[PDB]
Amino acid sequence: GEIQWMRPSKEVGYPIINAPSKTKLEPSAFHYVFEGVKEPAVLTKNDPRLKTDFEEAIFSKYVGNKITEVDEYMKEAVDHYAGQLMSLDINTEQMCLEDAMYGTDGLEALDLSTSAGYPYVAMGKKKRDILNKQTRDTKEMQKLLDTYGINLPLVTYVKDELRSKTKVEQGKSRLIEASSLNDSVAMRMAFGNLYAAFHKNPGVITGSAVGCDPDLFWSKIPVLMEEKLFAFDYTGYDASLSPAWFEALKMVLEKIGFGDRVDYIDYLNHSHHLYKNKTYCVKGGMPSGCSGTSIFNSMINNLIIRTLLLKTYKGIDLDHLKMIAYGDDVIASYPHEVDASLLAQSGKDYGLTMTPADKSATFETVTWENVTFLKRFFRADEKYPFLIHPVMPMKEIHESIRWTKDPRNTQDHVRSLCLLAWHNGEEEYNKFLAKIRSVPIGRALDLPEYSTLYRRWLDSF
């Protein structure tokens, strides 16, 4: 990805849009019961915690475009992945406007509680003003599509969220791109049966984990993997995707029968953004807040890894690759060990920055003991070895519990953390409950005992 031009939105006849400037995050009843490093990310330039220049920092990610041509390995990658998806029998038809808006089997409705994006946001117009879940009325949306069309600019916000200390000082706040409601609707009309097919088929055929529930999927994963795992992390995945990767996507889409709407992918490539008082253009890269990004990012990941394998190990048999991606996250396997330091070397040639999994300083054998996906580890149940726990380390749960957006959410919030926590085992969980109960508000909370959660987990199989 790479910026092409900034300029006051006035010169282009675009509205100024004002984001809020204060975080909604605030210390919890538990802020001092537990230790933690993270704090709310920089939202504005005038932030005392800044050790650098903000806007320079947040737009830094657009690292450039390495390649544009689909090379021979990419082509092979495309053919293999596409042929895989072909076995699912994906419905290639446009989705009617009603299902695109209101959801169908495998596709949730548009989120009524989020922004409707440009131009609606500058007209003080909301999704609730346009959509009606009970009647599923399409008349008003249809009119708006006719009136304003598609391919509208995105609106740019900084995400309000917790960030490590170094990310705060260095102004590394993540940016969000708010899709227009017209575009979300158009993208779902085009690609909705694709999204649903993916959501219904998490596993190694789609090469995607979208639609999975870790409490249950964790037990499937090791059975689906080949004998030898490998994994790594990307630095700046989306912003480092060069145009060649998107053509490769379009080629996969053409192959499985979406050829007639691959023009939508070109739109995701040449995008305009409104940020505060400015307007810019990006070339390449896929905006995160666009519809389908989850599916498309996972798809490209499937392409990237096949490509790197074909380049790095001549004569590799891709039929023996088993991988599951969730966007840039990935757990992968092959019947013989593959060296991710070698994969990362080849990655450089396609613009990709690949580093050791889970922030190791060096590349090391990935084992069932140290491998993580969706931030969770894998640990066999002591009593039932074939049942695997997704184990999210207490560290993250402690960071989360220390903050709140609204103290009215305390019960919901802590209870959700419990469902993540208990997988660390009865002893760590009980220690967790004691801490919570060490302050009065914690004693007002109804929290599940270990044995309840465990029986619930066993039952759910």
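Each residue number is its position in the shown sequence, starting from 1. Take the two forms, find the largest set of C-alpha atoms that superpose within 1.5 Å, and that set is the rigid core.
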property	result
Stretch with larger C-alpha RMS deviation in 5 other deposited structures of this protein, core superposed, 351-359 versus 292-300	351-359
Higher-deviation stretch (C-alpha RMS, rigid core fit) in 5 other deposited structures of this protein, choosing from 360-368 and 375-383	360-368
Between the two ranges 316-324 and 161-169, the one averaging a larger CA B factor in the entry	161-169
Stretch with the higher entry mean CA B-factor, where the candidates are 354-362 and 132-140	354-362
Given 387, 122, 150, 185, the residue at which the Cα B factor reaches its maximum	122
Candidate residues 430, 400, 409, 65, the one whose C-alpha B factor the record puts highest	65
Residue 48 CA temperature factor, ranked by third within the chain	highest
Ranked C-alpha temperature factor of residue 283 among modelled chain residues, by third	highest
Third assignment of residue 379 from its chain's C-alpha B-factors	lowest
Entry-reported Cα temperature factor of residue 269, expressed as the chain third it lands in	highest
Chain-wide C-alpha B factor ranking for residue 59, given as lowest, middle or highest third	highest
